[PDB]
Amino acid sequence: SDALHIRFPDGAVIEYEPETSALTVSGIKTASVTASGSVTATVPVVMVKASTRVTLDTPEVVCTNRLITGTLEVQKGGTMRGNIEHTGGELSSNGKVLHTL
Amino acid sequence: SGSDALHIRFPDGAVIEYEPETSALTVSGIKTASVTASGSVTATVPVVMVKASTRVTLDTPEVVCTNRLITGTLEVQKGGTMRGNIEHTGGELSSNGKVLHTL
Amino acid sequence: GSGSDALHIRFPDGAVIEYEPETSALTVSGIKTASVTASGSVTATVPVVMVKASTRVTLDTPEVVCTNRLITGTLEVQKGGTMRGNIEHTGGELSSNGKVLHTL
């Protein structure tokens with residue numbers, strides 16, 4: 001009643017290891033969680049290793065501080081407030097480079 | 001492999017189940033879920049799909065996208081930096097009340 | 001009842017994994033790490049998702065897609081990109097290669 005180690009016929013496992021306080025779900029194909037209110041995770045580090053794609057299908061994604069990306073595609077429009085510093089290439093608008101490199 | 005089974009049917013109508021033939025884990029019929037951890041939470045899977053009819057909030061010092069980020073619209077509140085070539089088309093890029101391609 | 005109709009596990013490290021049907025709340029607490037490894041996909045369908053990560057959220061993926069609006073405090077684009085439609089900048093200076101493009 002105080003332990004968790006489930007081993008399914010397809011090789012999937014759900015286990016909790018109290019020595020390292022580690023919860024593991026492995027060997028599954030899909031997971032789906034459907035809730036009517038909220039899903040919350042509170043932890044210093046979140047790591048999502050997704051070899052195809054992460055889709056956030058929502059009216060609004062909010063990042064409360066910094067957002068860092070390799071490349072950016074804004075599809076429809078946007079607003080920017082504050083100081084914005086572009087360097088290391090050329091910023092073009094409507095086919096016109098705004099400050100040649 | 002093992003022979004364990006998971007199919008919990010709770011009195012509020014929620015279900016937690018694993019189906020090994022299709023290797024599908026399902027959690028249904030709940031109101032809330034939370035995970036609170038002192039170290040890390042990791043998900044390793046090709047596709048992550050979040051369908052959130054109100055909002056997704058990432059309340060963190062830093063969200064890092066290692067490659068491409070695509071959005072419908074963007075709002076930057078407190079500034080930033082852009083490196084590389086940035087190609088703007090299909091509308092007006094305005095700064096401080098002037099359209100920049102016609103300045 | 002006597003069947004599989006409940007979930008409440010308290011582990012010797014103080015962690016809890018439980019489902020509380022009175023409030024329909026699934027809770028994992030008191031752990032150090034969690035991981036989920038799947039070969040196909042993970043889906044979460046719920047009105048509100050909240051991730052409170054006091055160090056970082058890393059999305060290590062070819063593509064992150066936000067289907068509608070994305071709001072951020074600050075933005076850092078490292079390699080380049082594209083923008084379509086109207087992009088309205090105010091409340092500071094937009095500089096390119098060391099030149100302020102329009103002073104208010």
# chains A, B, ... in the order shown; residues from 1 in each chain; ligands from 1
$ residues_around --residues "region 37-54 of chain C" --least-positions-apart "3" --cutoff "7 Å" --atoms "only C-alpha atoms" --output "PDB file with C-alpha atoms, in the first residue's frame"
ATOM      1  CA  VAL A  25       6.562   6.377 -16.608  1.00  0.00           C
ATOM      2  CA  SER A  26       8.272   4.612 -19.507  1.00  0.00           C
ATOM      3  CA  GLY A  27       7.656   2.377 -22.478  1.00  0.00           C
ATOM      4  CA  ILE A  28       4.219   3.717 -23.425  1.00  0.00           C
ATOM      5  CA  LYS A  29       3.058   4.911 -26.846  1.00  0.00           C
ATOM      6  CA  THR A  30       0.512   7.573 -25.874  1.00  0.00           C
ATOM      7  CA  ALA A  31      -0.687   9.385 -22.814  1.00  0.00           C
ATOM      8  CA  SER A  32      -3.785  11.575 -22.651  1.00  0.00           C
ATOM      9  CA  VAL A  33      -4.953  13.625 -19.656  1.00  0.00           C
ATOM     10  CA  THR A  34      -8.386  15.281 -19.849  1.00  0.00           C
ATOM     11  CA  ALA A  35      -9.411  17.646 -17.053  1.00  0.00           C
ATOM     12  CA  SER A  36     -12.225  20.169 -16.709  1.00  0.00           C
ATOM     13  CA  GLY A  37     -10.335  22.755 -14.617  1.00  0.00           C
ATOM     14  CA  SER A  38      -6.540  22.955 -14.607  1.00  0.00           C
ATOM     15  CA  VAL A  39      -3.251  21.094 -14.897  1.00  0.00           C
ATOM     16  CA  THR A  40      -0.358  22.540 -12.887  1.00  0.00           C
ATOM     17  CA  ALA A  41       3.321  21.649 -12.551  1.00  0.00           C
ATOM     18  CA  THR A  42       5.508  23.346  -9.933  1.00  0.00           C
ATOM     19  CA  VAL A  43       9.188  22.385 -10.101  1.00  0.00           C
ATOM     20  CA  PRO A  44      12.442  24.312 -10.702  1.00  0.00           C
ATOM     21  CA  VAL A  45      13.312  22.688 -14.037  1.00  0.00           C
ATOM     22  CA  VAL A  46      10.988  21.499 -16.797  1.00  0.00           C
TER      23      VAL A  46
ATOM     24  CA  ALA B  43       8.832  14.514 -20.888  1.00  0.00           C
ATOM     25  CA  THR B  44      10.535  12.682 -23.771  1.00  0.00           C
ATOM     26  CA  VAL B  45       8.124  11.942 -26.626  1.00  0.00           C
ATOM     27  CA  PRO B  46       8.057  13.005 -30.299  1.00  0.00           C
ATOM     28  CA  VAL B  47       4.785  14.981 -30.097  1.00  0.00           C
ATOM     29  CA  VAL B  48       3.504  17.066 -27.195  1.00  0.00           C
ATOM     30  CA  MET B  49      -0.020  18.435 -27.716  1.00  0.00           C
ATOM     31  CA  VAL B  50      -1.585  20.864 -25.248  1.00  0.00           C
ATOM     32  CA  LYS B  51      -5.198  21.853 -25.953  1.00  0.00           C
ATOM     33  CA  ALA B  52      -6.002  24.563 -23.428  1.00  0.00           C
ATOM     34  CA  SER B  53      -9.204  26.453 -24.160  1.00  0.00           C
ATOM     35  CA  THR B  54      -8.292  29.323 -21.774  1.00  0.00           C
ATOM     36  CA  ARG B  55      -4.516  29.674 -21.379  1.00  0.00           C
ATOM     37  CA  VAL B  56      -1.066  28.142 -21.046  1.00  0.00           C
ATOM     38  CA  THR B  57       1.172  30.026 -18.590  1.00  0.00           C
ATOM     39  CA  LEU B  58       4.907  29.389 -18.324  1.00  0.00           C
ATOM     40  CA  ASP B  59       5.791  31.230 -15.121  1.00  0.00           C
ATOM     41  CA  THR B  60       9.556  30.948 -15.200  1.00  0.00           C
ATOM     42  CA  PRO B  61      12.645  33.155 -15.549  1.00  0.00           C
TER      43      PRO B  61
ATOM     44  CA  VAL C  57      11.301  25.595 -19.014  1.00  0.00           C
TER      45      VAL C  57
END
$ closest_residue --among "A:15, A:24, A:79, A:99" --to "chain B" --atoms "only C-alpha atoms"
A:79
$ residues_around --residues "region 11-24 of chain C" --least-positions-apart "2" --cutoff "8 Å" --atoms "only C-alpha atoms" --output "MDAnalysis selection string"
(chainID A and resid 2:3 18:19 21) or (chainID B and resid 10:12 14 29:32) or (chainID C and resid 6:9 26:31)
$ residues_around --residues "residue 88 (chain C)" --least-positions-apart "6" --cutoff "10 Å" --atoms "only C-alpha atoms" --output "PyMOL selection string"
(chain A and resi 77-81) or (chain B and resi 75+92-99)
$ atom_distance --atom1 "CA of residue 1 (chain A)" --atom2 "CA of residue 18 (chain B)"
19.6 Å
$ atom_distance --atom1 "CA of residue 76 (chain C)" --atom2 "CA of residue 65 (chain A)"
11.0 Å
$ closest_residue --among "B:102, B:81, B:38, B:73" --to "residue 22 (chain A)" --atoms "only C-alpha atoms"
B:38
$ residues_around --residues "residue 93 (chain A)" --least-positions-apart "6" --cutoff "9 Å" --atoms "only C-alpha atoms" --output "ChimeraX atom specification"
/B:86-93,100-101
$ write_last_selection --atoms "N, CA and C atoms" --output "mmCIF file, in the first residue's frame"
data_model
loop_
_atom_site.group_PDB
_atom_site.id
_atom_site.type_symbol
_atom_site.label_atom_id
_atom_site.label_comp_id
_atom_site.auth_asym_id
_atom_site.auth_seq_id
_atom_site.Cartn_x
_atom_site.Cartn_y
_atom_site.Cartn_z
ATOM 1 N N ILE B 86 16.098 39.204 -40.171
ATOM 2 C CA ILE B 86 14.700 39.271 -39.770
ATOM 3 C C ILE B 86 13.954 39.862 -40.960
ATOM 4 N N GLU B 87 13.056 39.083 -41.560
ATOM 5 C CA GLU B 87 12.331 39.487 -42.756
ATOM 6 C C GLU B 87 10.887 39.780 -42.383
ATOM 7 N N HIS B 88 10.485 41.034 -42.508
ATOM 8 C CA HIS B 88 9.129 41.471 -42.252
ATOM 9 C C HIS B 88 8.439 41.789 -43.577
ATOM 10 N N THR B 89 7.248 41.236 -43.785
ATOM 11 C CA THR B 89 6.478 41.483 -45.000
ATOM 12 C C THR B 89 4.988 41.475 -44.660
ATOM 13 N N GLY B 90 4.175 41.923 -45.613
ATOM 14 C CA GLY B 90 2.739 41.733 -45.494
ATOM 15 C C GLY B 90 2.022 42.688 -44.576
ATOM 16 N N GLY B 91 2.645 43.809 -44.262
ATOM 17 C CA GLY B 91 2.017 44.789 -43.408
ATOM 18 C C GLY B 91 3.012 45.880 -43.105
ATOM 19 N N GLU B 92 2.719 46.624 -42.060
ATOM 20 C CA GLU B 92 3.532 47.754 -41.656
ATOM 21 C C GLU B 92 4.316 47.408 -40.401
ATOM 22 N N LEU B 93 5.622 47.649 -40.436
ATOM 23 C CA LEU B 93 6.467 47.572 -39.254
ATOM 24 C C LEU B 93 6.617 49.012 -38.801
ATOM 25 N N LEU B 100 8.085 51.999 -40.995
ATOM 26 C CA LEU B 100 9.516 52.070 -41.262
ATOM 27 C C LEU B 100 9.860 51.877 -42.729
ATOM 28 N N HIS B 101 9.079 51.114 -43.500
ATOM 29 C CA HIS B 101 9.459 50.955 -44.902
ATOM 30 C C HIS B 101 9.207 52.203 -45.736
#
$ atom_distance --atom1 "CA of residue 75 (chain C)" --atom2 "CA of residue 67 (chain A)"
5.0 Å
$ decode --residues "region 39-61 of chain A" --atoms "N, CA and C atoms" --output "PDB file, in the first residue's frame"
ATOM      1  N   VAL A  39      -4.422  21.941 -15.094  1.00  0.00           N
ATOM      2  CA  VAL A  39      -3.251  21.094 -14.897  1.00  0.00           C
ATOM      3  C   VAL A  39      -2.089  22.010 -14.541  1.00  0.00           C
ATOM      4  N   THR A  40      -1.418  21.702 -13.430  1.00  0.00           N
ATOM      5  CA  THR A  40      -0.358  22.540 -12.887  1.00  0.00           C
ATOM      6  C   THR A  40       0.878  21.699 -12.608  1.00  0.00           C
ATOM      7  N   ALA A  41       2.046  22.246 -12.931  1.00  0.00           N
ATOM      8  CA  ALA A  41       3.321  21.649 -12.551  1.00  0.00           C
ATOM      9  C   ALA A  41       4.157  22.723 -11.888  1.00  0.00           C
ATOM     10  N   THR A  42       4.708  22.407 -10.715  1.00  0.00           N
ATOM     11  CA  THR A  42       5.508  23.346  -9.933  1.00  0.00           C
ATOM     12  C   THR A  42       6.813  22.652  -9.577  1.00  0.00           C
ATOM     13  N   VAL A  43       7.910  23.088 -10.187  1.00  0.00           N
ATOM     14  CA  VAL A  43       9.188  22.385 -10.101  1.00  0.00           C
ATOM     15  C   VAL A  43      10.249  23.326 -10.652  1.00  0.00           C
ATOM     16  N   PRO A  44      11.495  23.320 -10.165  1.00  0.00           N
ATOM     17  CA  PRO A  44      12.442  24.312 -10.702  1.00  0.00           C
ATOM     18  C   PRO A  44      12.698  24.192 -12.192  1.00  0.00           C
ATOM     19  N   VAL A  45      12.874  22.965 -12.678  1.00  0.00           N
ATOM     20  CA  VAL A  45      13.312  22.688 -14.037  1.00  0.00           C
ATOM     21  C   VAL A  45      12.265  21.838 -14.733  1.00  0.00           C
ATOM     22  N   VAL A  46      11.816  22.295 -15.898  1.00  0.00           N
ATOM     23  CA  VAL A  46      10.988  21.499 -16.797  1.00  0.00           C
ATOM     24  C   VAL A  46      11.771  21.296 -18.079  1.00  0.00           C
ATOM     25  N   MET A  47      11.827  20.055 -18.543  1.00  0.00           N
ATOM     26  CA  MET A  47      12.526  19.693 -19.768  1.00  0.00           C
ATOM     27  C   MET A  47      11.566  18.905 -20.643  1.00  0.00           C
ATOM     28  N   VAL A  48      11.302  19.400 -21.845  1.00  0.00           N
ATOM     29  CA  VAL A  48      10.487  18.698 -22.825  1.00  0.00           C
ATOM     30  C   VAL A  48      11.390  18.390 -24.007  1.00  0.00           C
ATOM     31  N   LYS A  49      11.646  17.107 -24.241  1.00  0.00           N
ATOM     32  CA  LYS A  49      12.516  16.637 -25.313  1.00  0.00           C
ATOM     33  C   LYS A  49      11.600  15.986 -26.337  1.00  0.00           C
ATOM     34  N   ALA A  50      11.243  16.737 -27.382  1.00  0.00           N
ATOM     35  CA  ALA A  50      10.198  16.337 -28.323  1.00  0.00           C
ATOM     36  C   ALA A  50      10.765  16.376 -29.739  1.00  0.00           C
ATOM     37  N   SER A  51      11.104  15.207 -30.270  1.00  0.00           N
ATOM     38  CA  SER A  51      11.831  15.146 -31.528  1.00  0.00           C
ATOM     39  C   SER A  51      11.012  15.595 -32.738  1.00  0.00           C
ATOM     40  N   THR A  52       9.680  15.679 -32.627  1.00  0.00           N
ATOM     41  CA  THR A  52       8.862  16.222 -33.707  1.00  0.00           C
ATOM     42  C   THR A  52       8.452  17.671 -33.420  1.00  0.00           C
ATOM     43  N   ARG A  53       7.628  17.904 -32.394  1.00  0.00           N
ATOM     44  CA  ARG A  53       7.020  19.221 -32.226  1.00  0.00           C
ATOM     45  C   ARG A  53       6.278  19.295 -30.903  1.00  0.00           C
ATOM     46  N   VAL A  54       6.313  20.487 -30.307  1.00  0.00           N
ATOM     47  CA  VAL A  54       5.468  20.853 -29.181  1.00  0.00           C
ATOM     48  C   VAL A  54       4.434  21.848 -29.690  1.00  0.00           C
ATOM     49  N   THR A  55       3.139  21.516 -29.546  1.00  0.00           N
ATOM     50  CA  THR A  55       2.054  22.411 -29.934  1.00  0.00           C
ATOM     51  C   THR A  55       1.304  22.862 -28.689  1.00  0.00           C
ATOM     52  N   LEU A  56       1.211  24.183 -28.534  1.00  0.00           N
ATOM     53  CA  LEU A  56       0.448  24.845 -27.488  1.00  0.00           C
ATOM     54  C   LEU A  56      -0.761  25.462 -28.184  1.00  0.00           C
ATOM     55  N   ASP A  57      -1.859  24.696 -28.190  1.00  0.00           N
ATOM     56  CA  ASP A  57      -3.071  25.071 -28.917  1.00  0.00           C
ATOM     57  C   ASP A  57      -4.026  25.705 -27.922  1.00  0.00           C
ATOM     58  N   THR A  58      -3.952  27.030 -27.839  1.00  0.00           N
ATOM     59  CA  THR A  58      -4.601  27.794 -26.794  1.00  0.00           C
ATOM     60  C   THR A  58      -4.805  29.211 -27.308  1.00  0.00           C
ATOM     61  N   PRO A  59      -5.782  29.943 -26.773  1.00  0.00           N
ATOM     62  CA  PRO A  59      -5.892  31.355 -27.178  1.00  0.00           C
ATOM     63  C   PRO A  59      -4.659  32.160 -26.827  1.00  0.00           C
ATOM     64  N   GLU A  60      -3.976  31.814 -25.737  1.00  0.00           N
ATOM     65  CA  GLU A  60      -2.892  32.627 -25.223  1.00  0.00           C
ATOM     66  C   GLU A  60      -1.879  31.764 -24.505  1.00  0.00           C
ATOM     67  N   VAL A  61      -0.619  31.874 -24.933  1.00  0.00           N
ATOM     68  CA  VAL A  61       0.536  31.382 -24.192  1.00  0.00           C
ATOM     69  C   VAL A  61       1.198  32.591 -23.548  1.00  0.00           C
TER      70      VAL A  61
END
